[PDB]
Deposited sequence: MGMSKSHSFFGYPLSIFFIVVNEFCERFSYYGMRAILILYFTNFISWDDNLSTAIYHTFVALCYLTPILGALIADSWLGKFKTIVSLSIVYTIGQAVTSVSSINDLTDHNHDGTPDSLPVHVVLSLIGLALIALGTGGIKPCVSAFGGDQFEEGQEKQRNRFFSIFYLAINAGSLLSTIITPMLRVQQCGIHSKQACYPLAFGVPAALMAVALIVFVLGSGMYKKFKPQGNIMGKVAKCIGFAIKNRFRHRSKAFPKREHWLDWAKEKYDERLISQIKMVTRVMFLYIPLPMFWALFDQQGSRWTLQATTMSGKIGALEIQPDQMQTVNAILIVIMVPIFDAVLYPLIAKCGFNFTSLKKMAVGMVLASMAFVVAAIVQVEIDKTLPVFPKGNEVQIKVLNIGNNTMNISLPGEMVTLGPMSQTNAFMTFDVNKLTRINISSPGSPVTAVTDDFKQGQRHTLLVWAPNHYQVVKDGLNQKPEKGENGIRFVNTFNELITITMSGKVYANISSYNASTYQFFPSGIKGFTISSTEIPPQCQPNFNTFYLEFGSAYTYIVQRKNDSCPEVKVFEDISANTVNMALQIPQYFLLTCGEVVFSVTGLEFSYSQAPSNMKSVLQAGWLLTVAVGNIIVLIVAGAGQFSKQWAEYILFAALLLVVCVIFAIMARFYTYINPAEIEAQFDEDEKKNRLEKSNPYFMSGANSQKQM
């Protein structure tokens, strides 16, 4: 056995290495191709689950045509072709009638989808066939090692890709080129073992036979309405009239096994939340370990790291111990327990989420308007606002955003000690944060803020205010603010953490002045407003004011909810695709594997259907998304398993003829 297996393991590692590397690069490109006709966003959202709809086509083929060995090679090549075409097409689009070049990408993208689908069910079952001598212990070992290699690809893909990218947009050819290069090695190694594999060929069009037998049964069962209508077997009694008895047995085994997958696709909807829903949470909870600088979007890597260490533990020690006390852990039992853990993984998130909410600010909603007053003048100013007055000294601000109803924002009067009162004629927009700038009794400016949420990806936003008579231009680490009018403010731009330096430029500034300045440590999620003022020597001067406070909750707090969920997946998923193979009849192994994969496809639909917010806060969504659904489904599953779908020893049943 050992010789035949190693080829499949290394092939799967390389094949899944490539797939993950394609995902990250693929999404970035659409942001550039979207600039013709928003159609690109419509092109996407197919690969979200379409990569799991194809495996139907792979199953139909091998089990009724070409066998499994031939479909692995053929579907593999078309996978390689698609990537190569896609890689060159992107370069052809930018280097060189735009839809004509784009058509190249579409064919490549479509040609890839078949590759990713037809291989998943075929390769998994093809390994199992190598064990025949009552080797349950060895066969169980393989399916955990095989599932371990999948992640060893995911982990190495994450580390390698960022270094690979931006090596040269000029690096795009390598971006798609290198993943394509690897799979070529995957195909070569798999073929090299042809002399060692054990293979079986289909005896005919089983697909047709199964469909015809089922078709005959249902129509015949419809007849005989008042003559022995009550079935003994819902289909077998009536198909047996014409069709072979042993074939009737086989279609029955798959029917029972598949009945249990009806409740499962809820679990795969919950497991998917870790990619999108939690990555957003990390953004608003980003205190950083003193030893390193992990970014919000890097956390998801923790799941791959844990699963490459949990899997050896469970098979090595934990399971032997449970046996020694006599619990007799069966395949149905393990799946039932696995769904409970992932349920407790989510409930922890609600606890974490409510902790974070203690700190976040309040953003305006509906007809609400939030105003911050910032006096940048050299004298104290008195401002009249609806039901309130505020006095601000020179270079002073109101530390909080005052919330008012737009309908209630009737009058504002501005005055200074001994100065005339000036009425504000400007207008505001509901649902937006607004900043009011004043420097003299009859001089003021109203500025829209633009930011009304926590900065994305945890990057700090910066902006400047011009007080010089002439226009000013500032560049900060690759980003430029140009031609800022006097007594006006520029829009925000976002930078990652660290310390960033910037250089100022203006015509009124004498050349001998220092234009160079450096900011303090940025941290995460903050947003600040700089003010540039003139010194007695005409040199620029800098002051800082805060708008949104940095992120406080530490990010290490997400390890628990990743530890439970990852621990939940090991027990559930690994046994899911092993039990599915054990029960299937000898003639239709790939049919059931495609049955398991089909569950994941429908899984993404549930989360996608739920779409966005429909409630007050995530404190709810993170809760009902498991309890009202996952536990209710979990109890239903246990009920169905009480009817012994495990009772079929598919290996020996065939020998009865």
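Stretches of the deposited sequence absent from the structure, as judged by C-alpha coordinates, are 1-11, 49, 109-116, 189-194, 684-708.
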